[PDB]
Amino acid sequence: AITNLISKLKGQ
Amino acid sequence: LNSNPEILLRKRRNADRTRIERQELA
Amino acid sequence: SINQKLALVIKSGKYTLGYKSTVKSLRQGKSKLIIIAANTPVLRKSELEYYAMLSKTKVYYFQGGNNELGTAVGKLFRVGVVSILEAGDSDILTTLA
Amino acid sequence: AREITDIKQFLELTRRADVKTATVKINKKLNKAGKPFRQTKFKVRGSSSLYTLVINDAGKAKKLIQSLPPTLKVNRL
Amino acid sequence: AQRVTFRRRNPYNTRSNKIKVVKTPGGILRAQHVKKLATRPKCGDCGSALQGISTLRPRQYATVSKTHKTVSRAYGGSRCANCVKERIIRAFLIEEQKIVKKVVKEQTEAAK
Amino acid sequence: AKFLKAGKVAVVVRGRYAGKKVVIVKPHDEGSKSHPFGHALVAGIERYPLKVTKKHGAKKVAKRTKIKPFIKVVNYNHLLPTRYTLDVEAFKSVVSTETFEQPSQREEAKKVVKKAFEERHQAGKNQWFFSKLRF
Amino acid sequence: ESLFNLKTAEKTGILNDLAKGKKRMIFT
RNA sequence: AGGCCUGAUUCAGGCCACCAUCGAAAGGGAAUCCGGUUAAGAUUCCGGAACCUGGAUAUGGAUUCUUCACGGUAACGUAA
Ligand SMILES: [Zn+2]
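Chains as they are written, first to last, in PDB author numbering: chain A, 534 to 545; chain B, 12 to 37; chain C, 9 to 105; chain D, 2 to 78; chain E, 2 to 113; chain F, 2 to 136; chain G, 405 to 432.
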């Protein structure tokens, strides 16, 4: 089960 | 090789298809 | 930062630098995350994206060229794409980065 | 011109209908061992080329000479 | 130390008539005109010389078999291997992107 | 996860069959003694079937729908995997490592693959697999 | 003519279906 | 401003665009060499040897179950 593959920094 | 001369008539091309188209046209 | 996590991964974890190694690890299913430089050619980038979609591997678009990504990794040569086989001591995988 | 290695090919060439003559050429020459020997070239021309068969063995050349058709004109040298 | 000259009508040192000097079976030096060298066929996408294709003059290709001027792969004899590989990959990815864009359009027009 | 498994459709990018569509029957990730690289046994289409319209009839339709198959050992580097799948249950037993060392087994495998492909095409299934890629 | 993009691949919101080979289309 | 194609016989339909010609014995261009020979001719003649182009056709082989062939991961190879 996948919904998103592009990742981003959480602290910004 | 013991042959015999003769004249051969080749089969006409697209005969059945043309017959069908003529039948539908009429 | 993201450079610190990458440096820690190279120091302690397991990685593959380059397109061929990244694709091989994607085929073998051993990749946890692929970092793509912004300087990579469009055809190779699209092929990597399709392979990641097939293998369900997370994608992170690095904000810099292949030389900036190479310097971030800690190597004096350009790297166009990095694949993280094992995070090791770092926490790049945990923070969704 | 062409060079052939097959003896029966040469005989087949000499057996064709439109053949004029065949040339037998003798050459005295040295081998790599330094011992001189006698080399025979059988030359016959087909339709548009001249086929040459080179034989370095005296006995094989003699057998080929004996195997030529009796109605074929042979040019010695 | 014998001097030789042209054997044809052209008396000028043009590219068309070029002379080589050869020693004939008569023991003398004589001139011989050399033809223009053939050029290797080039790829239609990158311009690199095609591999596996014989190099001949334009009219000499009409007398050789098809295996001496083609390659068994698709586009063989016109494009090289790498260009064909790029063409295949690009076509497949373009088709996939078209499918994805069509699905996105269907979804975004399905709201109303 | 791994996507180069049995039943996965791939596009060959290198070799005589470049641009042709194949289906993977048996993946070998560690390779073999004769093929020391990550390779796969595939069954693909060498001559795609031609389209049939209402004008065609009887023998012509039988001629146009014939499919020529091929069986190959392909390196992973020479394959482009797709997201599509095709069932290989009919002929997963004829295409093996042994098949490519015995020409008679190659002949039998190609016969079986041809029959299976023609049956599946006539069933109307897998229209994408039996369509040529335009490149 | 644009190549495959993962951003527009996620904009549809269905990645499991696409990776499973769900939407198959033949053009031209 | 013209050519071509389709058609069980119905003259109907269809495709395509663009301008004559002249202008180079140094440009582009299919293919011949050696030896000999005359008072005076030679890559032209003679002897031998070989190529290019076009044409009609026959034979062998291939086109492997009956219908447009195979091999190698690949670059690529092949008598078709
Ligand atoms: Zn190329």
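Quick reminder that beta carbons are idealized off the backbone N, C-alpha and C, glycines included.
(request) Could you run through the region 15 to 34 of chain F and flag, in chain order, every residue whose CB is less than 8 Å away from some CB of chain E? (result) The region 15 to 34 of chain F vs chain E, Cβ under 8 Å: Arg15, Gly16, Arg17, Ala19 and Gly20.
(message) Nearest by alpha-carbon distance to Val105 of chain E: which of G:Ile430, G:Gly417 and G:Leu407 is it?
(response) Closest by C-alpha distance to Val105 of chain E, out of G:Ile430, G:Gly417 and G:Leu407, is G:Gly417.
(message) When you compare the CB of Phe408 of chain G with every CB in chain C, is at least one pair closer than 9 Å?
(response) yes
(message) Suppose you measure from the CA of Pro50 of chain F to the CA of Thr66 of chain F; what does that come to, to the nearest Å?
(response) 5 Å
(request) Figure out for me which residue from D:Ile5, D:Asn28 and D:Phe11 has the closest Cα to the Cα of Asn57 of chain D. (result) With distances taken between CA atoms, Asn57 of chain D lies nearest to D:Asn28 out of D:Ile5, D:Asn28 and D:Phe11.
(request) Starting from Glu97 of chain E, find everything on chain G with Cβ-Cβ shorter than 7 Å and list it in chain order. (result) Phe408
(request) Please list, in chain order, all residues of the same chain as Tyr59 of chain C whose beta carbon is under 7 Å from its beta carbon, the five residues on each side excluded. (result) Cβ within range, chain order: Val31 and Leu34.
(message) Would you say the beta carbon of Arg80 of chain E is closer than 8 Å to some non-hydrogen atom of ligand 1?
(response) Proximity of the beta carbon of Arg80 of chain E to ligand 1 is indicated: a heavy atom of the ligand is located closer than 8 Å.
(request) Indicate, with yes or no, if ligand 1 has a heavy atom lying under 8 Å from the CB of residue 127 of chain E. (result) What is shown of chain E runs 2 to 113, which leaves residue 127 of chain E out entirely.
(message) Less than 9 Å between the beta carbons of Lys9 of chain F and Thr86 of chain F, yes or no?
(response) Contact flag set, yes.
(request) Please check if any C-beta of chain A sits within less than 9 Å of the C-beta of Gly417 of chain G. (result) Contacts with chain A at 9 Å (Cβ-Cβ) include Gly417 of chain G.
(request) Would you check whether ligand 1 has a heavy atom nearer than 8 Å to the C-beta of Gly45 of chain E? (result) yes
(request) Specify the secondary structure class of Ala105 of chain C as computed by DSSP and reduced to three states. (result) coil
(request) Check each candidate in F:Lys126, F:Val75, F:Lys21 and F:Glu120 and name the one with the smallest Cα separation from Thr98 of chain F. (result) Comparing Cα positions, the closest option is F:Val75.
(request) Could you work out which residue in E:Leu94, E:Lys99 and E:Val85 is closest to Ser73 of chain E when comparing CA atoms only? (result) E:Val85
(request) Output, in chain order, the set of chain A residues within a Cβ distance shorter than 9 Å of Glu414 of chain G. (result) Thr536, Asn537, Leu538 and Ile539
(request) State the Cα-Cα distance for the pair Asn32 of chain D and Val55 of chain D, rounded to the nearest angstrom. (result) Taking the straight line joining both Cα atoms gives about 14 Å.
(request) Would you mind telling me which residues of chain G sit closer than 8 Å to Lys64 of chain C, beta carbon to beta carbon, in chain order? (result) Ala423
(request) Determine the contact status of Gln36 of chain C and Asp30 of chain F, defining contact as a CB-CB distance below 9 Å. (result) yes
(request) Determine, using beta carbons only, whether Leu51 of chain E and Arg60 of chain E come nearer to each other than 9 Å. (result) no
(request) Identify the contact partners of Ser39 of chain C in chain G, using a Cβ-Cβ distance below 8 Å as the criterion. (result) Per Cβ cutoff of 8 Å: no residues; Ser39 of chain C is ~15 Å from chain G at best.
(message) Under 8 Å, with one C-beta from each stretch per pair, do the region 12 to 30 of chain D and the region 63 to 78 of chain C reach the 3-pair mark?
(response) no
(message) Strictly below 9 Å CB to CB, what residues from chain C border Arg80 of chain E?
(response) Going along chain C, no residue has its Cβ under 9 Å from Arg80 of chain E, so there is no contact; the nearest lies around 16 Å.
(message) I'd like the ranges of any alpha helix (DSSP H) spanning at least 4 consecutive residues and lying wholly in the region 3 to 87 of chain F.
(response) 60 to 65
(message) Taking the straight line between their C-alpha atoms, what separation do you get for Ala34 of chain D and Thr71 of chain E?
(response) The straight-line gap from Cα to Cα measures roughly 48 Å.
(request) With DSSP as the reference, label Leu16 of chain C as helix, strand or coil. (result) helix
(request) Determine the chain A residues that contact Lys411 of chain G at a beta-carbon separation under 9 Å, and present them in chain order. (result) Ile539
(message) Closer than 8 Å to a non-hydrogen atom of ligand 2 - does that hold for the CB of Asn83 of chain E?
(response) For ligand 2, the structure offers nothing, since it holds only ligand 1.
(request) Please say whether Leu5 of chain F and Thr100 of chain F have beta carbons closer to each other than 9 Å? (result) no
(message) At a CB distance below 7 Å, what residues from the region 12 to 46 of chain E approach chain G? Give them in sequence order.
(response) none
(message) Using beta carbons (cut-off 9 Å, strictly below), is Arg91 of chain E in contact with chain G?
(response) Yes, contact with chain G.
(request) Look up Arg77 of chain D in the DSSP assignment and say whether it is helix, strand or coil. (result) strand
(message) Just to make sure I have the definition right: I need the residues of chain G whose C-beta is within less than 7 Å of the C-beta of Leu51 of chain C. Which are they?
(response) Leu407
(request) Run the CB neighbour count on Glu102 of chain F, radius 10 Å, all protein chains shown included, and call it buried at 16 or more, exposed below. (result) exposed
(request) Would you identify the three-state DSSP class for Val95 of chain F, choosing helix, strand or coil? (result) coil
(request) Could you work out which residues of chain E lie near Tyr58 of chain C, taking near to mean beta carbons separated by less than 8 Å? (result) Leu94 and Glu97
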